[PDB]
Amino acid sequence: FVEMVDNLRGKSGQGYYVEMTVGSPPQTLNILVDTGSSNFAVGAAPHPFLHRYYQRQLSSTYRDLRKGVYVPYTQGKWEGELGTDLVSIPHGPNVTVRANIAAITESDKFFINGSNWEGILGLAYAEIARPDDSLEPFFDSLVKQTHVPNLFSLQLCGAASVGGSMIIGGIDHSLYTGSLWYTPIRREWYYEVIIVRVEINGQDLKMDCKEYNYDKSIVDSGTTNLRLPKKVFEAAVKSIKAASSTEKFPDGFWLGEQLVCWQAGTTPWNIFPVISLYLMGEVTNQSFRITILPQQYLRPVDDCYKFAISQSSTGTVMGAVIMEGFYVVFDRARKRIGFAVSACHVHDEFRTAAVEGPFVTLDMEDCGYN
Ligand SMILES: CC#Cc1cncc(-c2ccc3c(c2)[C@@]2(COC(N)=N2)c2cc(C4=CCOCC4)ncc2O3)c1
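Residues numbered from 1 in each chain as written, not as in the entry; some residues may be left out. Heavy atoms only, no water.

Regarding how it was determined, this PDB entry cites X-ray crystallography in its header, along with a resolution of 1.9000 Å.

Undergrad: Explain the overall build of the protein here, please?
TA: Helix and strand counts for the protein come out as five helices and 26 strands. Taking 21 Å as the expected radius of gyration for a compact globule of 370 residues, we find that the protein reaches 20 Å, a close match to that expectation. Taken over the C-alpha atoms alone, the protein extends approximately 65 × 50 × 40 Å along its principal axes. Here the protein, with 370 residues, has 57% of them falling under the buried criterion. Total accessible area on the protein is roughly 16,100 Å²; 49% of this is exposed by carbon and sulfur atoms. Positive and negative side-chain charges in the protein, numbering 32 and 40 respectively, have mean positions lying 3 Å apart. (Helix = DSSP H or I, 4+ residues; strand = E, 2+ residues; numbered from the N terminus. Rg over C-alpha atoms; globule rule 2.2 N^0.38 Å. Buried < 20%, exposed > 50% of the residue type's maximum accessible area, 1.4 Å probe, protein only. Areas by Shrake-Rupley, 256 points an atom, 1.4 Å probe, with all protein chains shown as cover. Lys, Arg positive; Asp, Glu negative; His and termini not counted. Charge placed at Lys NZ, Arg CZ, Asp CG, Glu CD.)

Undergrad: What is the right way to read the UniProt feature "active site" in the protein from this model?
TA: With numbering matched to this structure, UniProt assigns "active site" to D34 and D220. Looking at where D34 falls in the secondary structure, it is placed in strand β3 (residues 27–34). The buried category is assigned to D34, whose relative accessible area is 8%. In this view, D34 contacts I120, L121, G122, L123, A124, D220, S221 and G222; residues no more than four positions away in its chain are not counted. Polar contacts involving the side chain of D34 include one to the side chain of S37, which spans 2.6 Å. By secondary structure assignment, the location of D220 is in the loop between β15 (217–219) and β16 (226–229). Judged by its relative accessible area of 7%, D220 falls in the buried class. Among all residues touching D220, those that are not within four sequence positions of it are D34, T35, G36, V317, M318, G319, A320 and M323. Polar contacts involving the side chain of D220 include one to the main-chain amide nitrogen of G222, which spans 2.8 Å. (UniProt positions renumbered as here; feature names shortened; annotations may be inferred. Contact = heavy atoms within 4.5 Å. Polar contact = N/O pair within 3.5 Å; in protein donor to acceptor, adjacent residues only side chain to side chain.)

Undergrad: What's the story with helix α1 (residues 138–145) in this structure? I'm lost.
TA: All of the buried residues along α1 are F138, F139, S141 and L142. The arc that holds every buried residue of α1, seen down its axis, measures 160°, which confines them to one face. (Arc of directions from axis to C-beta.)

Undergrad: How should I be thinking about the site of the ligand in this particular structure?
TA: Inspection of the region around the ligand gives 22 residues, with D34, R130, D220, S221 and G222 positioned closest. Between the ligand and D34 there is a distance of 2.7 Å, counted from a nitrogen atom to a side-chain nitrogen or oxygen. About the coverage of the ligand: the protein hides 87% of its 680 Å² of free accessible area. When contributions to the shell around the ligand are tallied by element, the ones reaching two or more residues are β3 and β5 (63–73). Here the residues of the shell around the ligand are counted per class, giving 10 nonpolar, nine polar and three charged. Composition of the shell around the ligand by domain shows at least three residues from each of domain 1 (16–148) and domain 2 (149–370). (Near = heavy atom within 4 Å. Nonpolar A, V, L, I, M, F, W, Y, C, P; charged D, E, K, R; others polar. Domains from an automatic or database assignment.)

Undergrad: I keep staring at the environment of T223 and nothing clicks. Help me out?
TA: Turning to its location among the elements, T223 is positioned in the loop between β15 and β16. On the basis of relative accessibility, which here comes to 17%, the residue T223 falls in the buried class. Along the backbone, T223 and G265 are 42 residues apart, and their C-alpha atoms lie at a distance of 28 Å. Residues contacting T223, with those up to four places away along its chain left out, are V317, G319 and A320. Of note is the side chain of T223, whose polar atom sits 2.6 Å from the side chain of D220.

Structure (structure tokens):
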């Protein structure tokens with residue numbers, strides 16, 4: 001899979017994108033990689049933020065589905081016109097498939113001023129596709145029309161340019177150390193998982209585990225932060241505050257209202273605690289844990305940083321803060337997600353991100369919200 005290594009680019013806070021082509025002859029576009037949605041949607045009009053856009057009038061293979069799609073989401077919206085066309089990934093498998101493409105014709109707070117991407121590749125499942133589950137997601141078409149195995153993995157590396165790898169149809173063993181540990185995909189809509197225990201510097205938060213997954217937990221390459229349900233965010237911050245009490249920061253810092261800065265090269269990593277999420281394992285009463293560093297949850301912006309853990313009303317979102325520590329395998333074929341220590345995660349000489357197990361955890365099914 002050497003061809004696919006380093007096929008992801010981005011800027012901090014603006015997501016990870018992959019090069020794709022659409023139409024005949026192929027039109028090159030950079031596309032945001034998003035495991036937290038299920039539509040392939042591309043700029044199709046000359047929005048001033050866009051480097052380029054899909055021009056259907058130049059594609060001999062374009063087919064108009066004669067249907068609109070209207071996709072408001074939490075932080076923005078896009079609307080467009082559904083069709084199909086030939087789609088390939090130059091630094092992906094050597095294949096081309098006919099996929100659904102939403103040609104974006106109106107939008108608000110969707111495109112980022114200064115970004116280098118023009119569209120969005122929703123890698124999650126048909127259940128949450130717009131307008132409905134009859135609109136086959138890209139990855140489903142890829143697997144259905146080719147021999148590409150039904151899995152992909154992401155290595156997101158971070159720093160200001162970021163980079164990473166999207167391995168389509170496989171696992172590249174050079175991208176991780178130690179073993180992969182798998183947690184079940186609870187339901188095929190989002191990439192939903194179940195967190196069964198939370199530790200700050202090894203100290204259990206001692207919350208009812210349902211709270212950790214209220215109303216769901218998801219693995220989301222399209223979110224920068226680790227987002228936590230309100231009640232869990234309260235406890236997490238209280239514990240991280242206590243752990244980091246050597247140095248006092250404004251209350252706003254913890255809420256993402258302001259940045260904290262240190263002299264270039266003297267960030268006190270060691271006063272900040274590690275954060276461990278235990279995930280439901282593959283076997284009854286068995287779990288594993290993934291552990292991230294402040295290198296992951298304190299994000300560059302003197303060296304100044306943003307606290308990149310935040311409260312949610314939509315459940316836990318394991319965003320880039322989690323994923324940048326790990327090689328993450330979206331094993332759709334076996335309805336499971338693998339975690340392993342990432343060969344590229346940022347760390348120091350004292351601590352590294354970790355994936356460890358097995359542990360004994362009882363009543364893990366009670367942790368899921370219904
Ligand atoms: C890592 C990272 C990142 C990142 C940084 N800046 C902006 C984005 C971004 C841009 C457009 C965008 C989305 C994110 C976003 C929001 O969260 C996720 N997972 N995808 C998104 C989600 C949706 C959805 C439509 C229907 O429900 C599911 C999600 N539609 C459009 C979207 O556009 C991602």
